[PDB]
């Protein structure tokens, strides 16, 4: 069993990286991949950099070089669901691009030609993540997570998402891209992220203040999930 884990930023992967035993590092395509064992379980941890293309590049490299059985996307997120506070957990049941528009040719809003309109997360990974949430006593919401190449900061950017995707529970910049690569390679995928801000006009300030907390809570989740999936 080899678990793939992808995060965008140094702050989002640094805690997991430290826990890796027999840590070997691969540097390529502007990405770093840390391989070794996390509490006995073989893992490959990718630091991808930010945005859709960075994530797609990273995911493709991870899949080709390390051949993980599943991928977990971790990190921060902007919370959309009203019951989410900073530090709470979001789990994807589905991912969609909020910034894709080929509606001129009759595709669904968010849907790219040749792709499904959304990417369903793996049911077994979701069930496992829910068990982790219960074990860790955390507040969490499971639902649609939407991705774009924008940091959402209130105003019209936020309103447009809430309008087009009223059931979206969180927004970020990589998950859907990773879900797309995984789809094309038939690899099970789940997003397990923690809230750093609520994507409003103070989101940049909240992000700066609470990125560390979001990394700590998503790390707790991911460490627990790795262990549950090994068994």
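Numbering follows the first chain given and starts at 1. Superpose the two forms; the largest set of C-alphas matching within 1.5 Å is the rigid core.
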> Relative to this form, superposed by the core, which stretch has the greater CA RMS in 4 other deposited structures of this protein: 48-56 or 198-206?
Replying inline: 198-206
> After fitting on the rigid core, which stretch moves more in 4 other deposited structures of this protein, 214-222 or 20-28, going by C-alpha RMS?
Replying inline: 214-222
>> Highest mean C-alpha temperature factor of the two stretches 116-124 and 72-80, which is it?
In response: 116-124
> When the C-alpha temperature factors are averaged for each of 63-71 and 164-172, which stretch ends up with the higher value in the entry?
Replying inline: 63-71
>> Between 182, 190, 53, 26, which one tops the list for Cα B-factor in this entry?
In response: 26
> Which of these has the highest Cα B-factor in the record: 194, 31, 177, 198?
Replying inline: 31
> Which third of the chain does residue 1 land in by C-alpha B-factor: lowest, middle or highest?
Replying inline: highest
> Of the three thirds of its chain by CA temperature factor, lowest, middle or highest, which one includes residue 142?
Replying inline: middle
> Among the modelled residues of its chain, does the C-alpha B-factor of residue 225 lie in the lowest, middle or highest third?
Replying inline: middle
>> Sorting by Cα B-factor within the chain, modelled residues only, which third would residue 87 end up in: lowest, middle or highest?
In response: middle
> C-alpha B factor of residue 103, ranked within the chain: lowest, middle or highest third?
Replying inline: middle
